[PDB]
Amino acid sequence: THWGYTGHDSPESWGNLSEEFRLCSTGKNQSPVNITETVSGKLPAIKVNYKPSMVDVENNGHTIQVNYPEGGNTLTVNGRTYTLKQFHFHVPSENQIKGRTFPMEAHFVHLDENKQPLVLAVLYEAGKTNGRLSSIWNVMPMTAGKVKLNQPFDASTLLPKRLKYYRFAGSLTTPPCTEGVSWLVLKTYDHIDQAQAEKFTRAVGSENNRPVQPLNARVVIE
């Protein structure tokens, strides 16, 4: 069922659009969030095992998505292994840090053996053109189709060597807004241009940022 960021489709209305989408408005542990009050804690370290892969690059009419047909790109945290399935973007960002919104956000979406979801988020500040993403921005389809394995990419490049993160629990930020999702947001920011963000926006057709949802009973760990 059709959903979007403006008109009658809009996020305030996602719950009304379909019975399958009802948690988008009813649910109490939704993403994204404004990270403000955090409990300081001893979080387990992230180990990143990403590598040059063949990826498929899609415009799905809501975001640009780099898909990974095959495994082998993994993240280990607290002894569990999560497989990178895909990563995509939001312009502007969805999450905030103390009210701060960033020009863009990347979401690296994983599953472990148990099928537990985990999104790892990189926030991009205003700065230099992003060299490492230009591979993707060149091949970026500007209509609802896919550019296929003619496309090597190394997602190692897109993560910092400092892997300090905020940790909370929440939802998909898109319908059907399934809860059950672990969020790690990295404290270290990468960088983009204005020209790169607008190209994304041009291609996807709109700004694809869901408003922040109350944290409610949830605690963010620093």
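Here, rigid core means the biggest group of C-alpha atoms that superpose within 1.5 Å across both forms. Position 1 is the first residue in the sequence shown; the rest follow in order.
Student: Which stretch is more displaced from the shown form in 7 other deposited structures of this protein, 151-159 or 63-71, with RMS over structures and residues of Cα positions after a rigid core fit?
Tutor: Of 151-159 and 63-71, the stretch deviating more in 7 other deposited structures of this protein is 151-159.
Student: Relative to the presented form, and with the rigid core used for superposition, do the C-alpha atoms of 93-101 or of 141-149 deviate more in 7 other deposited structures of this protein?
Tutor: Per-stretch check in 7 other deposited structures of this protein: the more divergent one is 141-149.
Student: Take the C-alpha B-factors listed in the entry for 87-95 and for 139-147, compute each mean, and give the stretch with the larger one.
Tutor: The recorded data point to 139-147.
Student: Could you check the entry and say whether 119-127 or 74-82 has the higher mean CA B-factor?
Tutor: According to the PDB entry, the answer is 74-82.
Student: Between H191, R167, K51, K187, which carries the biggest CA temperature factor in the record?
Tutor: Going by the entry's C-alpha B-factors, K51 comes out highest.
Student: Give the position of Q30 by CA B-factor within its chain, expressed as the lowest, middle or highest third.
Tutor: Ranked within chain, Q30 CA B lands in the lowest tercile.
Student: According to the PDB entry, is the CA B factor of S18 in the bottom, middle or top third of its chain, that is, lowest, middle or highest?
Tutor: Its C-alpha B-factor belongs to the highest third of this chain's values.
Student: If you rank the chain by CA B-factor, which third does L172 end up in: lowest, middle or highest?
Tutor: Answer is lowest: the recorded C-alpha B-factor places it there.
Student: Should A197 be placed in the lowest, middle or highest third of its chain by the C-alpha B factor in the entry?
Tutor: Tercile = lowest for this residue's CA B-factor.
Student: When the deposited Cα B-factors of this chain's modelled residues are ordered and cut into thirds, is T36 in the lowest, the middle or the highest one?
Tutor: Highest third of the chain for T36's C-alpha B-factor.
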